[PDB]
>>> print(open('run-v9.cif').read())   # mmCIF, C-alpha atoms
data_run
loop_
_atom_site.label_atom_id
_atom_site.label_comp_id
_atom_site.auth_asym_id
_atom_site.auth_seq_id
_atom_site.Cartn_x
_atom_site.Cartn_y
_atom_site.Cartn_z
CA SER G 1 10.36 4.12 -11.44
CA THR G 2 8.30 5.00 -8.37
CA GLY G 3 5.28 3.69 -6.51
CA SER G 4 2.80 5.30 -4.13
CA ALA G 5 0.11 3.45 -2.15
CA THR G 6 -2.29 4.49 0.58
CA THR G 7 -2.11 2.58 3.86
CA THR G 8 -5.23 2.39 6.05
CA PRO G 9 -5.70 1.54 9.75
CA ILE G 10 -7.45 -1.79 10.25
CA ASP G 11 -9.52 -0.51 13.20
CA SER G 12 -10.26 2.56 15.31
CA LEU G 13 -7.11 2.06 17.43
CA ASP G 14 -4.56 1.92 14.57
CA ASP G 15 -3.64 -1.61 15.66
CA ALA G 16 -2.09 -2.14 12.23
CA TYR G 17 -2.22 -0.70 8.71
CA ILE G 18 -3.11 -2.45 5.44
CA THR G 19 -1.92 -1.51 1.96
CA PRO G 20 -3.40 -2.98 -1.25
CA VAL G 21 -0.96 -5.09 -3.28
CA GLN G 22 -1.55 -6.55 -6.75
CA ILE G 23 -0.27 -10.12 -7.19
CA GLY G 24 -0.36 -12.21 -10.36
CA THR G 25 -1.94 -11.97 -13.79
CA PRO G 26 -4.75 -10.99 -13.91
CA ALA G 27 -4.13 -9.04 -10.71
CA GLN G 28 -5.34 -10.43 -7.41
CA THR G 29 -5.48 -7.58 -4.89
CA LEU G 30 -4.66 -8.49 -1.30
CA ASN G 31 -4.42 -6.10 1.65
CA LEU G 32 -1.01 -6.63 3.24
CA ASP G 33 0.61 -5.41 6.46
CA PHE G 34 3.83 -3.65 5.40
CA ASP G 35 6.36 -4.66 8.05
CA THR G 36 9.77 -2.98 8.27
CA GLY G 37 10.58 -5.48 11.07
CA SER G 38 10.52 -8.61 8.89
CA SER G 39 11.57 -9.73 5.43
CA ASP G 40 8.99 -12.22 4.10
CA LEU G 41 6.14 -11.42 1.71
CA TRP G 42 3.57 -14.05 2.65
CA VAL G 43 -0.12 -14.37 1.87
CA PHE G 44 -3.23 -16.27 2.75
CA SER G 45 -3.79 -18.53 -0.21
CA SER G 46 -5.73 -21.37 -1.78
CA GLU G 47 -3.22 -23.61 0.06
CA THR G 48 -3.99 -22.30 3.56
CA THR G 49 -5.65 -24.86 5.86
CA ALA G 50 -9.34 -24.09 5.43
CA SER G 51 -10.10 -23.97 9.16
CA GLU G 52 -7.43 -21.24 9.53
CA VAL G 53 -9.05 -18.87 6.99
CA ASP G 54 -11.82 -16.62 8.34
CA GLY G 55 -12.67 -13.76 5.99
CA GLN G 56 -9.27 -13.05 4.42
CA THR G 57 -8.82 -12.62 0.70
CA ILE G 58 -6.66 -15.42 -0.67
CA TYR G 59 -4.06 -15.62 -3.42
CA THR G 60 -4.75 -18.49 -5.82
CA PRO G 61 -1.56 -19.16 -7.81
CA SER G 62 -3.34 -21.55 -10.19
CA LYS G 63 -5.36 -18.58 -11.48
CA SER G 64 -2.25 -16.49 -12.25
CA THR G 65 -0.66 -17.00 -15.65
CA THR G 66 2.64 -15.60 -14.33
CA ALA G 67 2.87 -17.70 -11.14
CA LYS G 68 5.58 -20.36 -10.98
CA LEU G 69 6.25 -22.77 -8.15
CA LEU G 70 9.69 -22.11 -6.64
CA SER G 71 10.44 -25.80 -6.52
CA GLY G 72 11.58 -27.14 -3.16
CA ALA G 73 11.40 -23.82 -1.32
CA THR G 74 9.65 -23.60 2.04
CA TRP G 75 9.32 -20.87 4.63
CA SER G 76 8.47 -20.62 8.31
CA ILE G 77 8.43 -17.50 10.45
CA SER G 78 7.77 -16.64 14.09
CA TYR G 79 7.14 -13.05 15.13
CA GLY G 80 7.91 -11.20 18.36
CA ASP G 81 4.29 -11.47 19.50
CA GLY G 82 4.38 -15.26 19.30
CA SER G 83 2.42 -15.51 16.05
CA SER G 84 3.67 -17.63 13.16
CA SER G 85 3.02 -18.91 9.65
CA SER G 86 4.62 -21.28 7.14
CA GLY G 87 4.22 -22.78 3.69
CA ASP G 88 5.71 -23.00 0.21
CA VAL G 89 6.74 -20.40 -2.37
CA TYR G 90 5.75 -19.11 -5.80
CA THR G 91 7.34 -16.42 -7.90
CA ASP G 92 4.93 -13.96 -9.46
CA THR G 93 4.48 -10.36 -10.53
CA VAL G 94 3.80 -8.03 -7.60
CA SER G 95 2.82 -4.36 -7.87
CA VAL G 96 2.52 -1.75 -5.14
CA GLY G 97 1.09 1.64 -5.97
CA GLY G 98 2.07 1.36 -9.64
CA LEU G 99 5.57 -0.06 -9.03
CA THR G 100 5.97 -3.57 -10.49
CA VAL G 101 8.46 -6.31 -9.61
CA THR G 102 8.57 -9.44 -11.73
CA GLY G 103 9.77 -12.69 -10.19
CA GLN G 104 8.98 -11.68 -6.61
CA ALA G 105 8.90 -14.53 -4.11
CA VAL G 106 5.32 -14.80 -2.87
CA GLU G 107 5.25 -17.09 0.17
CA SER G 108 1.99 -19.04 0.21
CA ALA G 109 0.76 -19.95 3.69
CA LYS G 110 -0.20 -23.53 4.37
CA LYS G 111 -0.55 -22.78 8.09
CA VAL G 112 -1.09 -19.60 10.10
CA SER G 113 -1.44 -19.12 13.86
CA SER G 114 -4.68 -18.06 15.51
CA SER G 115 -3.90 -14.34 15.68
CA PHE G 116 -3.71 -14.21 11.88
CA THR G 117 -6.88 -16.26 11.41
CA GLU G 118 -8.71 -13.98 13.86
CA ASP G 119 -7.75 -10.82 11.94
CA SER G 120 -9.95 -10.89 8.86
CA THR G 121 -8.58 -7.54 7.61
CA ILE G 122 -4.96 -8.67 7.06
CA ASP G 123 -4.39 -10.90 4.03
CA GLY G 124 -0.65 -11.31 4.68
CA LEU G 125 2.56 -9.41 5.33
CA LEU G 126 5.00 -7.57 3.08
CA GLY G 127 8.40 -7.49 4.75
CA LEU G 128 10.61 -4.42 4.35
CA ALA G 129 13.54 -5.25 6.68
CA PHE G 130 16.82 -6.49 5.21
CA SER G 131 16.72 -9.59 3.03
CA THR G 132 19.19 -11.35 5.34
CA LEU G 133 16.16 -12.06 7.60
CA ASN G 134 14.12 -13.75 4.87
CA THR G 135 13.15 -17.27 5.98
CA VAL G 136 12.88 -19.07 2.62
CA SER G 137 14.95 -22.26 2.53
CA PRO G 138 17.13 -23.54 0.95
CA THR G 139 17.49 -20.42 -1.24
CA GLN G 140 16.88 -17.20 0.67
CA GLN G 141 14.74 -14.68 -1.21
CA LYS G 142 14.80 -10.90 -1.59
CA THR G 143 12.22 -8.44 -0.32
CA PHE G 144 10.01 -6.45 -2.65
CA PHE G 145 12.11 -3.36 -1.93
CA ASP G 146 15.39 -5.16 -2.60
CA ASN G 147 14.05 -6.44 -5.92
CA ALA G 148 12.72 -3.02 -6.93
CA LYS G 149 15.71 -1.01 -5.72
CA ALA G 150 17.77 -0.88 -8.91
CA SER G 151 14.76 0.33 -10.93
CA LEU G 152 13.76 3.05 -8.46
CA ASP G 153 14.58 6.69 -9.14
CA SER G 154 16.20 6.75 -5.69
CA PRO G 155 16.86 3.65 -3.50
CA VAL G 156 14.41 4.65 -0.76
CA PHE G 157 10.94 4.08 0.58
CA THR G 158 9.00 6.29 2.99
CA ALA G 159 6.41 5.58 5.66
CA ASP G 160 3.85 8.29 6.44
CA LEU G 161 1.41 6.60 8.82
CA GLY G 162 -1.74 8.40 9.90
CA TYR G 163 -3.19 8.84 13.38
CA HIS G 164 -6.72 7.44 13.15
CA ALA G 165 -6.50 8.15 9.41
CA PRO G 166 -4.96 6.79 6.20
CA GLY G 167 -1.36 7.49 5.25
CA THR G 168 1.09 6.64 2.48
CA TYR G 169 3.96 4.34 1.53
CA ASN G 170 6.09 5.76 -1.29
CA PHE G 171 8.83 3.92 -3.17
CA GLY G 172 11.66 5.63 -5.03
CA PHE G 173 11.08 9.27 -4.12
CA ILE G 174 10.72 11.62 -1.16
CA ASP G 175 7.51 13.71 -1.27
CA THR G 176 8.75 17.08 -0.04
CA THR G 177 5.15 18.24 0.49
CA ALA G 178 4.49 15.48 3.05
CA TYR G 179 6.55 16.86 5.95
CA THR G 180 7.44 20.12 7.67
CA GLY G 181 10.92 21.45 8.32
CA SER G 182 13.88 19.29 7.38
CA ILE G 183 14.56 15.55 7.47
CA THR G 184 17.19 14.49 10.01
CA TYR G 185 19.10 11.38 8.97
CA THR G 186 20.71 8.97 11.41
CA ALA G 187 22.95 5.92 11.07
CA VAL G 188 21.57 2.40 10.70
CA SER G 189 23.12 -0.89 11.75
CA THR G 190 22.07 -3.84 9.59
CA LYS G 191 23.85 -6.35 11.82
CA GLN G 192 20.59 -7.86 13.11
CA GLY G 193 18.76 -7.42 9.80
CA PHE G 194 16.60 -4.54 11.07
CA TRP G 195 16.41 -0.80 10.49
CA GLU G 196 18.29 -0.38 13.77
CA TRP G 197 19.29 3.09 14.94
CA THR G 198 20.11 5.02 18.13
CA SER G 199 17.78 7.68 19.45
CA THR G 200 19.52 10.50 21.31
CA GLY G 201 17.07 10.74 24.22
CA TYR G 202 13.56 11.55 25.33
CA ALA G 203 11.27 13.93 27.16
CA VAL G 204 7.96 13.40 28.95
CA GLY G 205 5.36 16.09 28.35
CA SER G 206 6.83 19.56 28.88
CA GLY G 207 9.72 18.13 30.89
CA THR G 208 13.37 18.59 30.17
CA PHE G 209 14.98 16.45 27.51
CA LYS G 210 17.14 13.58 28.84
CA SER G 211 20.14 12.93 26.61
CA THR G 212 20.71 9.18 26.52
CA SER G 213 21.36 6.69 23.74
CA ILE G 214 18.45 4.33 23.02
CA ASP G 215 19.19 1.66 20.40
CA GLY G 216 16.08 0.35 18.70
CA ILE G 217 14.38 -0.62 15.47
CA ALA G 218 11.98 1.28 13.22
CA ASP G 219 9.20 -1.30 12.90
CA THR G 220 5.97 -0.48 11.06
CA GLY G 221 4.70 -3.99 11.88
CA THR G 222 4.63 -3.38 15.65
CA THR G 223 1.72 -1.35 17.03
CA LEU G 224 3.27 0.19 20.14
CA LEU G 225 6.43 1.93 21.35
CA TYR G 226 8.63 -0.40 23.42
CA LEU G 227 11.41 1.27 25.40
CA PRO G 228 13.62 0.53 28.43
CA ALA G 229 11.80 0.13 31.72
CA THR G 230 13.45 3.26 33.16
CA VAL G 231 12.08 5.43 30.33
CA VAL G 232 8.63 3.86 30.43
CA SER G 233 8.37 4.24 34.22
CA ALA G 234 9.31 7.92 33.91
CA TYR G 235 6.50 8.40 31.37
CA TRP G 236 3.72 6.63 33.29
CA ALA G 237 4.71 8.28 36.57
CA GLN G 238 3.25 11.46 35.07
CA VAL G 239 -0.23 9.89 34.72
CA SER G 240 -2.26 9.72 37.93
CA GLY G 241 -3.31 6.16 38.63
CA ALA G 242 -1.22 4.53 35.92
CA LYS G 243 0.35 1.21 36.85
CA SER G 244 1.94 -1.86 35.34
CA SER G 245 -0.49 -4.78 35.44
CA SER G 246 0.94 -8.28 35.17
CA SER G 247 -2.57 -9.65 34.60
CA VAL G 248 -3.21 -7.32 31.67
CA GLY G 249 0.34 -7.50 30.31
CA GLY G 250 1.62 -3.95 30.62
CA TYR G 251 0.92 -0.43 31.72
CA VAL G 252 -2.70 0.61 32.07
CA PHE G 253 -4.10 3.98 33.05
CA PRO G 254 -7.48 5.47 33.99
CA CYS G 255 -9.49 6.14 30.86
CA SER G 256 -10.40 9.51 32.43
CA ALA G 257 -6.76 10.67 32.13
CA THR G 258 -5.29 13.20 29.74
CA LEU G 259 -1.98 11.73 28.60
CA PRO G 260 1.23 13.75 28.26
CA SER G 261 3.18 13.80 25.03
CA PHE G 262 6.41 11.86 24.58
CA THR G 263 9.39 13.26 22.67
CA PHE G 264 12.20 11.18 21.18
CA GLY G 265 15.49 12.45 19.78
CA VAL G 266 16.84 11.93 16.27
CA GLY G 267 20.28 13.48 16.35
CA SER G 268 19.72 17.06 17.45
CA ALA G 269 16.10 16.97 16.21
CA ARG G 270 13.01 16.01 18.20
CA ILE G 271 9.84 14.10 17.24
CA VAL G 272 6.84 14.75 19.49
CA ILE G 273 4.25 11.99 19.95
CA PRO G 274 1.00 13.65 21.13
CA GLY G 275 -0.55 12.15 24.24
CA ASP G 276 -3.64 11.02 22.33
CA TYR G 277 -1.47 8.70 20.21
CA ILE G 278 -0.56 6.78 23.41
CA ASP G 279 -4.20 5.90 24.26
CA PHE G 280 -5.13 2.36 23.16
CA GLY G 281 -8.54 2.39 24.78
CA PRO G 282 -10.31 0.15 27.26
CA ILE G 283 -8.56 -3.11 28.10
CA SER G 284 -11.92 -4.84 27.55
CA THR G 285 -15.20 -3.47 26.28
CA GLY G 286 -16.68 -1.02 28.78
CA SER G 287 -13.70 -1.02 31.12
CA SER G 288 -12.48 2.22 32.67
CA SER G 289 -8.90 0.92 32.55
CA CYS G 290 -7.17 1.88 29.31
CA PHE G 291 -4.13 0.28 27.69
CA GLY G 292 -0.98 2.34 27.24
CA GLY G 293 0.81 2.87 23.95
CA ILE G 294 4.28 3.04 25.53
CA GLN G 295 5.37 -0.25 27.09
CA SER G 296 8.54 -1.79 28.48
CA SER G 297 10.89 -3.64 26.12
CA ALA G 298 12.46 -5.47 29.07
CA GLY G 299 11.04 -8.86 28.00
CA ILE G 300 11.72 -8.44 24.27
CA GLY G 301 15.48 -7.99 24.03
CA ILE G 302 15.24 -4.97 21.71
CA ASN G 303 13.64 -1.54 21.82
CA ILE G 304 10.97 -1.05 19.15
CA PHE G 305 9.91 2.25 17.59
CA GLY G 306 6.56 0.90 16.42
CA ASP G 307 3.57 2.65 14.89
CA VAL G 308 2.94 4.86 17.95
CA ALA G 309 6.31 6.53 17.33
CA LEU G 310 6.52 6.29 13.56
CA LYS G 311 3.07 7.79 12.91
CA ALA G 312 4.26 11.03 14.54
CA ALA G 313 6.86 11.42 11.77
CA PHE G 314 7.57 11.23 8.07
CA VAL G 315 10.11 8.38 7.96
CA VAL G 316 12.65 7.73 5.20
CA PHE G 317 14.09 4.23 4.84
CA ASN G 318 17.21 4.95 2.80
CA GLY G 319 18.46 1.75 1.17
CA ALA G 320 21.59 3.24 -0.35
CA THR G 321 24.82 1.24 -0.12
CA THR G 322 25.17 2.57 3.43
CA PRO G 323 21.57 2.60 4.69
CA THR G 324 20.26 5.38 6.90
CA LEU G 325 16.95 6.46 8.44
CA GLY G 326 15.42 9.93 8.14
CA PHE G 327 12.79 11.49 10.38
CA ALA G 328 10.83 14.70 9.86
CA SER G 329 7.93 16.26 11.69
CA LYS G 330 4.71 16.61 9.72
#
>>> encode(input="run-v9.cif", output="structure tokens")
Amino acid sequence: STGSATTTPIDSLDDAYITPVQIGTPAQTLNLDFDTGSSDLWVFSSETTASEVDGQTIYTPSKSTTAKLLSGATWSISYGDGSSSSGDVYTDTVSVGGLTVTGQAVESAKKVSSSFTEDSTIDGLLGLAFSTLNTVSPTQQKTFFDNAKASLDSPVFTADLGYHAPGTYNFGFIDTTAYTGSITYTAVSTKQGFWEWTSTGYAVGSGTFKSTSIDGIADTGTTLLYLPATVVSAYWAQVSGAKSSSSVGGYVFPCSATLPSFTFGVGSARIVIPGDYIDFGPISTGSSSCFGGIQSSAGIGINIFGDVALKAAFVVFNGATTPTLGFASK
């Protein structure tokens, strides 16, 4: 089997991407944030505290003839940005782009933090990291990809995120028309539950490539590119007037600037992020200070190849017995 679904930016900055997902019988379509940095499929629901719902579409398990309470199971998750959610669990039929999994754990939110409430466009998350990170207790649950894997023509999914445009998540096949050149594959460590890999270096603009190992995670659920402070300083030093602002929470730059590209290494291959992809616009409406798309990971504990980096590539998440990641230009 295969599946193919379009993923769409939630706003004009590509702050996140939403993909329609069919849950239950008859189908209830929710727009979920596909997150290769986490492993829970959770949704706004008829159980979510009413004051914490503000425009989201909700899953109502009582209206699904295939929903079943997963008795005794609870979940609770906290993300790297400080947001969180928790609740109980149903199993139900879940379909993405024509690919159907029966008995998928659908984590129904009883509580969500303010950042979720305030984002009316995101009806929940669909985790695509390794199932060892799934938070359901006392019986940990499998991701949608893990459940679908055996049925797929090939045990893979691909992320093809657009810059200020829709893109595609495919399951079970690699669309050879969606990229240019060849795909370069690189080793993955699953030790922390992430799609963790080691970039071979970077360049700023037209500068020379610096060969250096940068361990990090491929994370579709993180907006920006978070890298070591040395690398990030070298980038922003090429932008007149750019500075790190403690009051804003990262590097800002004059909105009048033209940003240089940023290149990252994948083995001997190179993925070029155009400068425009690194512009996240005014820090507040009407400001002439703009927020940068490359930020320091120093306070995170891990480097994160988020959407800024991934959207410059066609990315293969290879879930074979020994997982690997593939990157191609496009």
>>> residues_near_point(input="run-v9.cif", point="(-10.5, -11.4, 1.4)", cutoff="10 Å", atoms="all atoms listed in the file", output="MDAnalysis selection string")
chainID G and resid 29:31 44:45 53:59 120:123
>>> write_last_selection(input="run-v9.cif", atoms="C-alpha atoms", output="compact mmCIF listing (two decimals), in the frame of the given file")
# COMPACT_ATOMS: atom_id res chain seq x y z
CA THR G 29 -5.48 -7.58 -4.89
CA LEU G 30 -4.66 -8.49 -1.30
CA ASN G 31 -4.42 -6.10 1.65
CA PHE G 44 -3.23 -16.27 2.75
CA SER G 45 -3.79 -18.53 -0.21
CA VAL G 53 -9.05 -18.87 6.99
CA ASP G 54 -11.82 -16.62 8.34
CA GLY G 55 -12.67 -13.76 5.99
CA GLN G 56 -9.27 -13.05 4.42
CA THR G 57 -8.82 -12.62 0.70
CA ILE G 58 -6.66 -15.42 -0.67
CA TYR G 59 -4.06 -15.62 -3.42
CA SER G 120 -9.95 -10.89 8.86
CA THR G 121 -8.58 -7.54 7.61
CA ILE G 122 -4.96 -8.67 7.06
CA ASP G 123 -4.39 -10.90 4.03
>>> residues_around(input="run-v9.cif", residues="residue 228 in chain G", least_positions_apart="5", cutoff="9 Å", atoms="all atoms listed in the file", output="list in words")
residues 214, 233, 295, 296, 297, 298, 302 and 303 of chain G
>>> write_last_selection(input="run-v9.cif", atoms="C-alpha atoms", output="CSV table (one decimal), in the coordinates of the input")
chain,number,residue,atom,x,y,z
G,214,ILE,CA,18.4,4.3,23.0
G,233,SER,CA,8.4,4.2,34.2
G,295,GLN,CA,5.4,-0.2,27.1
G,296,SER,CA,8.5,-1.8,28.5
G,297,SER,CA,10.9,-3.6,26.1
G,298,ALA,CA,12.5,-5.5,29.1
G,302,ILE,CA,15.2,-5.0,21.7
G,303,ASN,CA,13.6,-1.5,21.8
>>> resolve_selection(input="run-v9.cif", expression="the PyMOL selection byres ((chain G and resi 2) around 8)", output="list in words")
residues 1, 3, 4, 98, 99, 152, 153, 170, 171, 172 and 173 of chain G
>>> closest_atom_pairs(input="run-v9.cif", of="range 38-70 of chain G", to="range 135-145 of chain G", cutoff="12 Å", atoms="only C-alpha atoms", output="CSV")
residue,atom,partner,partner_atom,distance
G:38,CA,G:143,CA,9.4
G:39,CA,G:143,CA,5.9
G:40,CA,G:143,CA,6.7
G:41,CA,G:143,CA,7.1
G:42,CA,G:136,CA,10.6
G:70,CA,G:139,CA,9.6
>>> resolve_selection(input="run-v9.cif", expression="the PyMOL selection byres ((chain G and resi 8) around 12)", output="number ranges by chain")
G: 5-7, 9-20, 31-34, 121-122, 160-169
>>> build_atoms(input="run-v9.cif", residues="range 92-114 of chain G", atoms="N, CA and C atoms", output="PDB file, keeping the file's coordinate frame")
ATOM      1  N   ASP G  92       5.999 -14.570  -8.689  1.00  0.00           N
ATOM      2  CA  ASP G  92       4.930 -13.960  -9.460  1.00  0.00           C
ATOM      3  C   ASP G  92       5.209 -12.467  -9.572  1.00  0.00           C
ATOM      4  N   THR G  93       4.398 -11.801 -10.381  1.00  0.00           N
ATOM      5  CA  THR G  93       4.480 -10.360 -10.530  1.00  0.00           C
ATOM      6  C   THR G  93       3.718  -9.678  -9.403  1.00  0.00           C
ATOM      7  N   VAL G  94       4.369  -8.730  -8.741  1.00  0.00           N
ATOM      8  CA  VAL G  94       3.800  -8.030  -7.600  1.00  0.00           C
ATOM      9  C   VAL G  94       3.927  -6.538  -7.853  1.00  0.00           C
ATOM     10  N   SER G  95       2.828  -5.805  -7.687  1.00  0.00           N
ATOM     11  CA  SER G  95       2.820  -4.360  -7.870  1.00  0.00           C
ATOM     12  C   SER G  95       2.266  -3.677  -6.638  1.00  0.00           C
ATOM     13  N   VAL G  96       2.916  -2.580  -6.265  1.00  0.00           N
ATOM     14  CA  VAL G  96       2.520  -1.750  -5.140  1.00  0.00           C
ATOM     15  C   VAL G  96       2.417  -0.323  -5.654  1.00  0.00           C
ATOM     16  N   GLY G  97       1.213   0.237  -5.640  1.00  0.00           N
ATOM     17  CA  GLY G  97       1.090   1.640  -5.970  1.00  0.00           C
ATOM     18  C   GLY G  97       1.654   2.003  -7.322  1.00  0.00           C
ATOM     19  N   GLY G  98       1.547   1.108  -8.313  1.00  0.00           N
ATOM     20  CA  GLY G  98       2.070   1.360  -9.640  1.00  0.00           C
ATOM     21  C   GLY G  98       3.495   0.903  -9.903  1.00  0.00           C
ATOM     22  N   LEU G  99       4.211   0.436  -8.891  1.00  0.00           N
ATOM     23  CA  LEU G  99       5.570  -0.060  -9.030  1.00  0.00           C
ATOM     24  C   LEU G  99       5.517  -1.583  -9.127  1.00  0.00           C
ATOM     25  N   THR G 100       6.074  -2.142 -10.201  1.00  0.00           N
ATOM     26  CA  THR G 100       5.970  -3.570 -10.490  1.00  0.00           C
ATOM     27  C   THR G 100       7.318  -4.263 -10.372  1.00  0.00           C
ATOM     28  N   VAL G 101       7.324  -5.399  -9.674  1.00  0.00           N
ATOM     29  CA  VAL G 101       8.460  -6.310  -9.610  1.00  0.00           C
ATOM     30  C   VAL G 101       8.034  -7.627 -10.232  1.00  0.00           C
ATOM     31  N   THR G 102       8.795  -8.103 -11.208  1.00  0.00           N
ATOM     32  CA  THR G 102       8.570  -9.440 -11.730  1.00  0.00           C
ATOM     33  C   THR G 102       9.461 -10.431 -10.981  1.00  0.00           C
ATOM     34  N   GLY G 103       8.984 -11.664 -10.850  1.00  0.00           N
ATOM     35  CA  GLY G 103       9.770 -12.690 -10.190  1.00  0.00           C
ATOM     36  C   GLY G 103       9.890 -12.525  -8.686  1.00  0.00           C
ATOM     37  N   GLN G 104       8.966 -11.813  -8.055  1.00  0.00           N
ATOM     38  CA  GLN G 104       8.980 -11.680  -6.610  1.00  0.00           C
ATOM     39  C   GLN G 104       8.592 -13.002  -5.956  1.00  0.00           C
ATOM     40  N   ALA G 105       9.314 -13.378  -4.902  1.00  0.00           N
ATOM     41  CA  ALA G 105       8.900 -14.530  -4.110  1.00  0.00           C
ATOM     42  C   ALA G 105       7.659 -14.176  -3.309  1.00  0.00           C
ATOM     43  N   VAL G 106       6.598 -14.927  -3.552  1.00  0.00           N
ATOM     44  CA  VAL G 106       5.320 -14.800  -2.870  1.00  0.00           C
ATOM     45  C   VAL G 106       5.162 -16.079  -2.054  1.00  0.00           C
ATOM     46  N   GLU G 107       5.245 -15.946  -0.740  1.00  0.00           N
ATOM     47  CA  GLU G 107       5.250 -17.090   0.170  1.00  0.00           C
ATOM     48  C   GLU G 107       3.811 -17.430   0.510  1.00  0.00           C
ATOM     49  N   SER G 108       3.370 -18.591   0.055  1.00  0.00           N
ATOM     50  CA  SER G 108       1.990 -19.040   0.210  1.00  0.00           C
ATOM     51  C   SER G 108       1.840 -19.783   1.525  1.00  0.00           C
ATOM     52  N   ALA G 109       0.939 -19.317   2.385  1.00  0.00           N
ATOM     53  CA  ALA G 109       0.760 -19.950   3.690  1.00  0.00           C
ATOM     54  C   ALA G 109      -0.015 -21.252   3.554  1.00  0.00           C
ATOM     55  N   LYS G 110       0.557 -22.309   4.111  1.00  0.00           N
ATOM     56  CA  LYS G 110      -0.200 -23.530   4.370  1.00  0.00           C
ATOM     57  C   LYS G 110      -0.799 -23.513   5.766  1.00  0.00           C
ATOM     58  N   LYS G 111      -0.123 -22.863   6.710  1.00  0.00           N
ATOM     59  CA  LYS G 111      -0.550 -22.780   8.090  1.00  0.00           C
ATOM     60  C   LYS G 111      -0.320 -21.362   8.591  1.00  0.00           C
ATOM     61  N   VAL G 112      -1.255 -20.862   9.400  1.00  0.00           N
ATOM     62  CA  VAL G 112      -1.090 -19.600  10.100  1.00  0.00           C
ATOM     63  C   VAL G 112      -1.579 -19.796  11.533  1.00  0.00           C
ATOM     64  N   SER G 113      -1.011 -19.033  12.466  1.00  0.00           N
ATOM     65  CA  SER G 113      -1.440 -19.120  13.860  1.00  0.00           C
ATOM     66  C   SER G 113      -2.738 -18.334  14.068  1.00  0.00           C
ATOM     67  N   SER G 114      -3.320 -18.523  15.251  1.00  0.00           N
ATOM     68  CA  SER G 114      -4.680 -18.060  15.510  1.00  0.00           C
ATOM     69  C   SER G 114      -4.807 -16.549  15.379  1.00  0.00           C
TER      70      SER G 114
END
